[PDB]
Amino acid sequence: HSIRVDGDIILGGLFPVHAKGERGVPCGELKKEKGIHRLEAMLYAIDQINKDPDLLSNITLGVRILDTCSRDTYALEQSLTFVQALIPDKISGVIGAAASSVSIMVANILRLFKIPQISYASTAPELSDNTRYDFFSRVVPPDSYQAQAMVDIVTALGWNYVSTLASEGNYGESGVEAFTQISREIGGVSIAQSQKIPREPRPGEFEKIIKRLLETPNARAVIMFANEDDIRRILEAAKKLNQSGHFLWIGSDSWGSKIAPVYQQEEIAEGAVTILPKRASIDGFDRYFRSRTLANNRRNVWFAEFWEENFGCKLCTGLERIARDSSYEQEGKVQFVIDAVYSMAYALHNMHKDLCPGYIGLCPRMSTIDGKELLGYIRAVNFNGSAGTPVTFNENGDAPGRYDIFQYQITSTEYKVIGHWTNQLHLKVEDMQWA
């Protein structure tokens, strides 16, 4: 009940195609953008490597994409499919997953069987530790650099007294913890209160959060690592308690430039500073995804379920066009998905150069690929990918801290590029606006 493509070297995939089900059920509603767009971006990238004669000459890359269902427990059970070769598909490297807690549980099982793992979205500072998850790499920067950026933004505005808000899980708690560590040890940034939002919150919890935050009234700036559904509800609760203009929101990559938490809540979201990793839209994937029909894209097992959710269809004509019959935007992490697959491909190409010299196709010396060796190749990889931007890794397996800084402004509503963070803060304070 998943995507299989035969090939010489088979690469594993982990994507949240469905959201986590309510109470009992494992899998719920289909994630159209966070699931299908990223899944199809891996299939686009793999097809491009097979098309390219220079990268892996007469060597084809295989696909084994599995659904994580937004939860770590389901992804762990799916992860065992990669290791079922040892008492049949042999998996060299796994691309995924999205969520940090999901990627942590996968990293713990893949390290023992010596399988390298490259993520496209997981940003938790815990994953950069080479003791706990030594086979983990990522094409997205760790939250150590985002928390440093947040400290830099706060200090540049003269905001010595702040409060923090976290969502339950690894991404929310450790992201705030990374901010706390930079604040406590270095400089003079004081934390008033660190409030936590539960995973399954009660109907009256978000109103209690605002009331608790108001107990330290001078702490106006709120640094937050909350999910899309959480931010929506905090700002909804803040608007209800007549707290317009009081709170100065600071959001992470989970907030980014999403219109979802700010919609019909434009007044309360005014002047909110957000940080997001440096990113561009790919027209190549856009041309690929728009030309996807139910006839040609039969290899995607979830594409039939996608067609119903996208147009309001029910299996309806079954001859619709994307970006013509329904509103279409390319997902953010798509650049990082393509750059993750190419990072794996370039490392395999570099391993082929060393182990099979003057050879076309796989040599008998590469019949069983060593994961401990291949991991070192991934870290050493340096190339221009997708956007034309360089893709690189350090010793710990992290991408460099390259960020965009946005502010939500009313003039017309937009996320205006007020600055950027690349090792050091470059922030244009002149372009900022408040209520």
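Numbers for residues come from their place in the sequence shown, where the first is 1.
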Unresolved deposited residues lying between neighbours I186 and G187: none
Between the two ranges 50-58 and 382-390, the one averaging a larger CA B factor in the entry: 50-58
Stretch with the higher entry mean CA B-factor, where the candidates are 316-324 and 360-368: 316-324
Top residue by Cα temperature factor, when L127, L294, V273, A149 are compared in the entry: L294
Per the PDB entry, maximal CA B factor within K333, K211, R111, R138: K211
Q243 by Cα B-factor - lowest, middle or highest third of the modelled chain: middle
CA B-factor placement of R132, once the chain's modelled residues are sorted into thirds: lowest
Chain thirds of CA B-factor: placement of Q117: lowest
CA B-factor placement of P16, once the chain's modelled residues are sorted into thirds: lowest
Within-chain third of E173 by Cα B-factor, per the entry: lowest
